[PDB]
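Please read the structure below before turning to the comments.
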Amino acid sequence: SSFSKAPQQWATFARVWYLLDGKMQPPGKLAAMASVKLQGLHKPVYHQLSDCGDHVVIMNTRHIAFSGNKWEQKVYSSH
Amino acid sequence: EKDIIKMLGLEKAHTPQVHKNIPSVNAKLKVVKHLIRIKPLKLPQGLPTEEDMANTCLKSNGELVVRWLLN
Amino acid sequence: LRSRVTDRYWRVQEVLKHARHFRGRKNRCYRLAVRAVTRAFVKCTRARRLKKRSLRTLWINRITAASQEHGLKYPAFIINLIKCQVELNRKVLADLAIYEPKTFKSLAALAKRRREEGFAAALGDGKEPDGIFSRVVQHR
Amino acid sequence: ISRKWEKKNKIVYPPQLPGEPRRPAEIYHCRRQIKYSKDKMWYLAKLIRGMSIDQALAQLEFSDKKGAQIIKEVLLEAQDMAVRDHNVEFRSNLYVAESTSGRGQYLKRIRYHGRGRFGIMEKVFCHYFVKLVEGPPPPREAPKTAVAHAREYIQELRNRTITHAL
Amino acid sequence: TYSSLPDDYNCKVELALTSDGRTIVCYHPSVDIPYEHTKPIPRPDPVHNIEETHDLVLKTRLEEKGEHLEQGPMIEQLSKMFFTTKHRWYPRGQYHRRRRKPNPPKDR
Amino acid sequence: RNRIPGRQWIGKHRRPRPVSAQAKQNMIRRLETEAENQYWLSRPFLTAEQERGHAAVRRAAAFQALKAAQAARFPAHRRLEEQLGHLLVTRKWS
Amino acid sequence: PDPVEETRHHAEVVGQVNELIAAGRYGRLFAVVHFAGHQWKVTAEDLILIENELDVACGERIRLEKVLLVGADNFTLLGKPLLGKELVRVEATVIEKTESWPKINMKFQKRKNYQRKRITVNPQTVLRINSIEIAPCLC
Amino acid sequence: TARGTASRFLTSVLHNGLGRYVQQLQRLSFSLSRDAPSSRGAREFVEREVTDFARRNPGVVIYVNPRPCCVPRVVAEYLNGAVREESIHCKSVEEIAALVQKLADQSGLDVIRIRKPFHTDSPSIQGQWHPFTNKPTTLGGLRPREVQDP
Amino acid sequence: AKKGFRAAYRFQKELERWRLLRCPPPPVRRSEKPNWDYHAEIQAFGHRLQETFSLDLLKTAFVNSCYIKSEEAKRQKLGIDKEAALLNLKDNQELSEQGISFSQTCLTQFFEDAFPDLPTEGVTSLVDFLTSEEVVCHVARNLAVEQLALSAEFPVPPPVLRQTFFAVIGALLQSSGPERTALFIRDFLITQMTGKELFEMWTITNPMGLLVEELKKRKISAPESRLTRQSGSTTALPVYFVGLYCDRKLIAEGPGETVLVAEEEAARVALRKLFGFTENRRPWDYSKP
Amino acid sequence: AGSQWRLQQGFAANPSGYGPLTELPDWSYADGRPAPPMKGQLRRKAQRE
Ligand SMILES: [K+]
Ligand SMILES: [Mg+2]
Ligand SMILES: [Mg+2]
Ligand SMILES: [Mg+2]
Ligand SMILES: [Mg+2]
Ligand SMILES: [Mg+2]
């Protein structure tokens, strides 16, 4: 790209913000793509030791649509 | 079953070995027929002669090509 | 004739020179060092076997990441590239993904075109002549 | 036994050429076989590191430790050597560059408990080492500011390279 | 104009096959961002913030006010600034500091 | 909360581990291969009578070669060069 | 697309690339070469470490013909699975014929008194790739 | 182990082999004995192979210093300044020739772990990947939920 | 007291190692070390580089005026007459001037022929960098030119070492043809720019100003900067892509931390493309002419 | 992977099996004289014979 050494490294390891709507979307399918973006498993420069990672903004999370009867069967427990 | 494998020359896996089709060999193969893969030997160019011994190659589909990568 | 070991200084130095970077009393005491040094070498060989596996796993993640960027999954990108008789291992494909964004698009474009030809043959009667990219060239 | 601290005062440096920076003085002094313990003496030694000699004596003047008087005698007699044996003027222009405590030779005794049992008692002796350097005390380092942390973190994110790249 | 992938982001890939059949060629030139797809440079964003005159009778003052918050409030300020946690902003002991390599190998 | 009594793979009560769809396909792939195995063994080229001693000279010669090689086991020759070559230890530059 | 038009279009692209390569309008070249059982992504003025000893004297110039891939900024040529020797020529120069650092291989089993320690010194060869050339002959 | 010893990248000294190849070995010095039985391998090598070795490699200077010693040694110096000590104590003639030939082919850099089996300068031909190299541009560069100015 | 001598002597090998670590010895010349024969090294120097040198020329090139002055002080100290031989020793002052003048002329010819678009200021920076202090001293030290140089105060001062290296060029110029010395310059001085990029050797401070001037020569009105891509404007790590459009056509694009930094990088890419000094450029030819 | 496709087309399951990528010599001298044969190739031509 004929960039200088400093701006070339900065551009490659840049942080990117994503927007993900949640209007009538199951949280599991919402989390599957959100997990990939957070880890950085979409960049071909990925590596666990590196700090590669992208912000994700999820809106309309009150309108998620659980499939089947999971609204009454699935339980979240803590002590 | 171990001895029959040993006495048929099948010690190393995934290495083709040629045997006759006489009943004596077939008697031993029937015992270990669940441990081996058997395919016929095809000869598109016939049996190799003494001139083309070093150019023989055995393809995966089960045919012996006498002249392999000429020139 | 009373025989005594005199080079015992070098006997323990051959062991402690591999344990200079340890934490605690393992870098000074000989009894605790040998058990640490011996376990250090065992982990060296086992990790060396896993070094090839880990790097192969890393390459597939990079290939999958660079293939999803073009809208093509990893399983579809590999089998439909082999059908074009392109024998590139996963090591160089990862390198092409990072340092050759244009070329990796062509390989991804090649795989998608080959895949779309395979589906057309199945959808038809199966008597369709092999696709312009699906023709097999045998060297002999 | 080992006695190397005493011999550090016999080192003679070559004469300095004109124009070179003035070499600050260095005075090495120690006391051997003090009845005070090794660990107890350490806290006093840690106290006076990096302070000028005048305020170092002031702090040890009112300390209630038995070793406070012992250390104050060492500093006072080391100051006299600096101004007389060495050509160090301004006897108030010295700072304690290094102070530490070592262990001496212990005497073993028998301590009785009862039921015919006993325990070995170790009479404790310790050494004190002090080095005085001519000049004002060095300035103590302040904690890293908010900008310093941000500069290091941004620099760290800029050193990153593609691991197992080509 | 046939392409398995769209020609809008990286390059305009054009595949082809040699008449002999032993080689696959592809002409893949770059695609440049058009002028209509870019926004004007926000040049005067801190126009008054960068250069503010306190008064026209006295010279301007470069008084960078500082609070020097304690270690507590400082870390939570940086963590929120860089979108990280607070556990990595604390220093480490002498053991870890000393064992770092003074001259790490450098490639390229 | 729910435990498997004793060891989880031995005894009267075991783990309820079921068979998977992948396992069924592995069995079928092996069955198809073995189905072809027992077809190629069905029709021999020669019958039992026609193979009576067809290759016995080679078998006899193979055994005779084994006897000959095993009967040659004997200590190797000892020569003067081996004994006189030890004096070269103290070779000097005069 | 119709194969009748597809072949006609393919002729134009091959001719266009052949015109581009014949006029010397290509910049830097990279190539994927198969050598010593491994595939290397190689461009001009690089180094590659070969893990096996070669019977080549130091300073000799050797030629590699197992070129899987070649390409530049504006074009890329694929092989099926190899490119012909008359299309791309790659030459490399041997620099160093050395030995690897001592690698340790140890096997240990608990409470059976079995330890085996051996050190492996693998001979190595360092190659310098000088030039990659593309012939303008392309059907 | 790798964590115990140092590491270096694959580097050629003075960009050797690019324009021309220069034999990095500079000199050798043999310290053998005329009476010690352990120096027999060194003495046989000097009489036979040293003269022929110098002809093949005119870029090295060979020093032979027969003096009373118990462990024969050969010292090899390279252009970059690295000096490598070796012992030829009680070795056959062909072993000395193999050992000396190996020292002639080495570049002289320190023999430690090499992190990568390749080295390259400017590997980013036709560009290097950045998160904007494959994302299409929106008309006017608008953000996903940005309201147009007019 | 354990009987024996191997243990006692082997530790003396360790005691020497500790002393060197505690008190490192000052560097000394290779001449004072036991293995040295000056005439043998000179002959091997010519064969190592595959060049034919004149022995009289080389020994004239490896003697510096500093060494001659140092020797004369020793002669006066001892009061022994050697003016007939010592004073009649030609230094390398004349040879170095011939080498430096030819090297700058030869390097300029290479860059003007290979890079027609480089301005007069740019090419002057390129040749000065390759003949600078740090580049030449590194090459001379790794080529055993410093080991054979007769001078006082080892290690040889960088100004003195650069003088000696170009003296060897002067000796090669009079021994072989000028075209033969040109190959020597190409093999050991042009190769020092491999990997390095323009504006790392030709430092300028106003890329935008210089770009407009170059476009006036090329008859292009003026570049216009537009923000192509951006990611995060309130974060502490923003990323901007400033692109330059002339007549609504993209010619360069550069990233950066801020818009001002990115915009200058856009001009850097534009200048690199205009001057034919990109990173995709044809690699320097090293084949036999 | 795709070994089943390669077996269908007649090639080896493993791309290292008797293919043109393995039999051919990987290096040769610049002037053009042939390189010495590989140790592996000579061994592979002895078991085939
Ligand atoms: K059970
Ligand atoms: Mg009592
Ligand atoms: Mg006790
Ligand atoms: Mg006690
Ligand atoms: Mg249990
Ligand atoms: Mg069960």
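Residue numbers start at 1 in each chain; chains themselves are named A, B, ... in the order of the structure tokens; ligands are numbered from 1 in the order shown.
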
Give me, as an MDAnalysis selection string, all polymer residues having an atom no more than 6 Å from residue 31 in chain H, counting only C-alpha atoms and skipping those fewer than 4 positions away in the same chain. chainID H and resid 65:66 72:73

Expected file contents, prior selection, N, CA and C atoms, as a PDB file, in the first residue's frame:
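out_8.pdb written:
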ATOM      1  N   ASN H  65      50.146 -23.932  13.987  1.00  0.00           N
ATOM      2  CA  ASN H  65      51.089 -23.604  15.054  1.00  0.00           C
ATOM      3  C   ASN H  65      51.339 -24.836  15.913  1.00  0.00           C
ATOM      4  N   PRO H  66      52.181 -25.762  15.448  1.00  0.00           N
ATOM      5  CA  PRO H  66      52.493 -26.942  16.264  1.00  0.00           C
ATOM      6  C   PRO H  66      53.243 -26.577  17.535  1.00  0.00           C
ATOM      7  N   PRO H  72      43.988 -30.714  20.920  1.00  0.00           N
ATOM      8  CA  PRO H  72      44.065 -29.910  19.695  1.00  0.00           C
ATOM      9  C   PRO H  72      42.797 -29.100  19.482  1.00  0.00           C
ATOM     10  N   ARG H  73      42.968 -27.880  18.979  1.00  0.00           N
ATOM     11  CA  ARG H  73      41.856 -26.964  18.773  1.00  0.00           C
ATOM     12  C   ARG H  73      42.000 -26.274  17.427  1.00  0.00           C
TER      13      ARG H  73
END

Test item: residues no farther than 8 Å from ligand 6, counting only C-alpha atoms and all ligand atoms, as a compact mmCIF listing (two decimals) with N, CA, C and O atoms, in the first residue's frame:
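In the end it all went to selection16.txt:
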# COMPACT_ATOMS: atom_id res chain seq x y z
N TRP F 9 -18.90 -46.57 33.30
CA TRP F 9 -18.90 -47.39 32.09
C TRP F 9 -18.90 -48.89 32.37
O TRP F 9 -18.95 -49.67 31.41
N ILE F 10 -18.85 -49.31 33.63
CA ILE F 10 -18.84 -50.73 33.97
C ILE F 10 -19.89 -50.99 35.04
O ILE F 10 -20.27 -50.09 35.79
N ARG F 14 -24.93 -48.23 33.99
CA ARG F 14 -23.94 -47.53 33.18
C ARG F 14 -24.49 -46.17 32.76
O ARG F 14 -25.57 -45.75 33.17
N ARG F 15 -23.73 -45.48 31.92
CA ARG F 15 -24.14 -44.21 31.36
C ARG F 15 -25.06 -44.43 30.16
O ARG F 15 -24.85 -45.37 29.39
N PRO F 16 -26.08 -43.60 30.00
CA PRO F 16 -27.07 -43.85 28.93
C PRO F 16 -26.63 -43.39 27.55
O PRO F 16 -27.48 -43.21 26.67
N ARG F 17 -25.33 -43.19 27.34
CA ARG F 17 -24.75 -42.68 26.10
C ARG F 17 -25.38 -43.32 24.86
O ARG F 17 -25.25 -44.53 24.65
N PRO F 18 -26.05 -42.53 24.03
CA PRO F 18 -26.76 -43.08 22.87
C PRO F 18 -25.89 -43.11 21.62
O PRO F 18 -24.82 -42.50 21.56

Neighbours of ligand 2 within 10 Å, counting only C-alpha atoms and all ligand atoms, as a ChimeraX atom specification? /D:112-117

Any residue with an atom at most 8 Å from ligand 4 counts, using only C-alpha atoms and all ligand atoms. Which are they? Put them as a VMD selection string. chain D and resid 120 to 122

Could you please take those selected residues and save N, CA and C atoms as a short mmCIF file (atom, residue, chain, number, x, y, z; two decimals), in the first residue's frame?
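Output below, filename again36.cif:
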data_model
loop_
_atom_site.label_atom_id
_atom_site.label_comp_id
_atom_site.auth_asym_id
_atom_site.auth_seq_id
_atom_site.Cartn_x
_atom_site.Cartn_y
_atom_site.Cartn_z
N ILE D 120 17.36 -25.19 70.94
CA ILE D 120 18.62 -24.50 70.68
C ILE D 120 18.35 -23.01 70.52
N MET D 121 19.07 -22.21 71.30
CA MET D 121 18.92 -20.76 71.30
C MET D 121 20.06 -20.14 70.50
N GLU D 122 19.72 -19.21 69.62
CA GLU D 122 20.70 -18.55 68.76
C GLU D 122 20.87 -17.11 69.21
#

Kindly determine which residues of chain E lie within 10 Å of chain D, considering only C-alpha atoms, and give the answer as a PyMOL selection string. chain E and resi 68-71+74-75+77-78+81-82+89-91+107

Do you have, as a tab-separated table, the list of residues of chain I lying at most 7 Å from chain G, each with its nearest atom pair and that distance in Å to one decimal, counting only C-alpha atoms and ordered by chain then number?
residue	atom	partner	partner_atom	distance
I:280	CA	G:28	CA	5.0
I:281	CA	G:27	CA	5.0
I:282	CA	G:27	CA	4.9
I:283	CA	G:28	CA	6.6

List every residue of range 62-128 of chain D that DSSP, applied to the backbone of this structure, places in strand (DSSP E), and write the result as a PDB file with C-alpha atoms, in the first residue's frame.
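Listed below is the output, selection.pdb:
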ATOM      1  CA  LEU D  94      26.156  14.206  52.256  1.00  0.00           C
ATOM      2  CA  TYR D  95      23.276  11.817  51.618  1.00  0.00           C
ATOM      3  CA  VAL D  96      22.902   8.160  52.589  1.00  0.00           C
ATOM      4  CA  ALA D  97      23.202   6.469  49.195  1.00  0.00           C
ATOM      5  CA  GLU D  98      22.933   2.906  50.514  1.00  0.00           C
ATOM      6  CA  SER D  99      22.300   1.311  53.906  1.00  0.00           C
ATOM      7  CA  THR D 100      21.727  -2.363  54.683  1.00  0.00           C
ATOM      8  CA  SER D 101      22.092  -4.953  57.434  1.00  0.00           C
ATOM      9  CA  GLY D 102      23.897  -8.286  57.283  1.00  0.00           C
ATOM     10  CA  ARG D 103      24.185 -11.197  59.685  1.00  0.00           C
ATOM     11  CA  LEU D 107      26.323 -18.175  69.456  1.00  0.00           C
ATOM     12  CA  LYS D 108      24.323 -21.337  70.138  1.00  0.00           C
ATOM     13  CA  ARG D 109      22.886 -22.015  73.602  1.00  0.00           C
ATOM     14  CA  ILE D 110      20.330 -24.355  75.189  1.00  0.00           C
ATOM     15  CA  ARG D 111      16.831 -23.135  76.077  1.00  0.00           C
ATOM     16  CA  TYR D 112      14.872 -25.302  78.512  1.00  0.00           C
ATOM     17  CA  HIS D 113      11.143 -26.020  78.290  1.00  0.00           C
ATOM     18  CA  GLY D 114      10.137 -28.847  80.630  1.00  0.00           C
ATOM     19  CA  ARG D 117      12.992 -31.248  76.509  1.00  0.00           C
ATOM     20  CA  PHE D 118      15.172 -28.431  75.200  1.00  0.00           C
ATOM     21  CA  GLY D 119      15.573 -26.040  72.303  1.00  0.00           C
ATOM     22  CA  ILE D 120      18.619 -24.503  70.678  1.00  0.00           C
ATOM     23  CA  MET D 121      18.920 -20.760  71.300  1.00  0.00           C
ATOM     24  CA  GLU D 122      20.698 -18.552  68.755  1.00  0.00           C
ATOM     25  CA  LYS D 123      22.355 -15.417  70.083  1.00  0.00           C
ATOM     26  CA  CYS D 126      24.254  -8.273  62.900  1.00  0.00           C
ATOM     27  CA  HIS D 127      26.385  -5.908  60.826  1.00  0.00           C
ATOM     28  CA  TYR D 128      25.523  -2.445  59.527  1.00  0.00           C
TER      29      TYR D 128
END

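Near chain C, within 6 Å and using only C-alpha atoms, the residues of chain H are residues 124, 128 and 129 of chain H.
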
Shell of 7 Å around ligand 5 (only C-alpha atoms and all ligand atoms), written as a ChimeraX atom specification: /F:4-8

Which chain C residues are at most 10 Å from chain I (counting only C-alpha atoms), as JSON, numbers by chain? {"C": [2, 3, 4, 5, 6, 7, 8, 9, 10]}

Which polymer residues have any atom within 8 Å of an atom of residue 13 in chain G, counting only C-alpha atoms, with same-chain residues fewer than 6 positions away left out, as a ChimeraX atom specification? /E:14-16,26-27

Contacts of residue 37 in chain F within 9 Å, only C-alpha atoms, excl. fewer than 3 positions in-chain, as a VMD selection string: (chain B and resid 30 33 to 34 36 to 39) or (chain F and resid 32 to 34 40 to 41)

Any idea which chain A residues end up within 7 Å of chain C if we count only C-alpha atoms, as a list in words please?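 Those within range of chain C come out as residues 41, 42, 43, 44, 45 and 46 of chain A.
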
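CA of residue 14 in chain D lies 25.3 Å from CA of residue 16 in chain I.
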
Residues of chain C near chain G: apply a cut-off of 12 Å, count only C-alpha atoms, and supply the list as a PyMOL selection string. chain C and resi 18+35+37-49+81-97+99-107+110+113+116-117+120+128-139

Nearby residues (only C-alpha atoms) at most 12 Å from residue 36 in chain J, same-chain spacing under 5 positions excluded, as a list in words: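 The filter keeps residues 54, 55 and 56 of chain G; 25, 26, 27, 28, 29, 41 and 42 of chain J.
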
Please indicate the distance in Å from CA of residue 210 in chain I to CA of residue 268 in chain I, rounded to one decimal place. 9.8 Å

Which residue of F:48, F:87, F:60, F:71 approaches chain B most closely, using only C-alpha atoms: F:48

What gap, in Å, lies between CA of residue 17 in chain A and CA of residue 36 in chain A? 13.2 Å
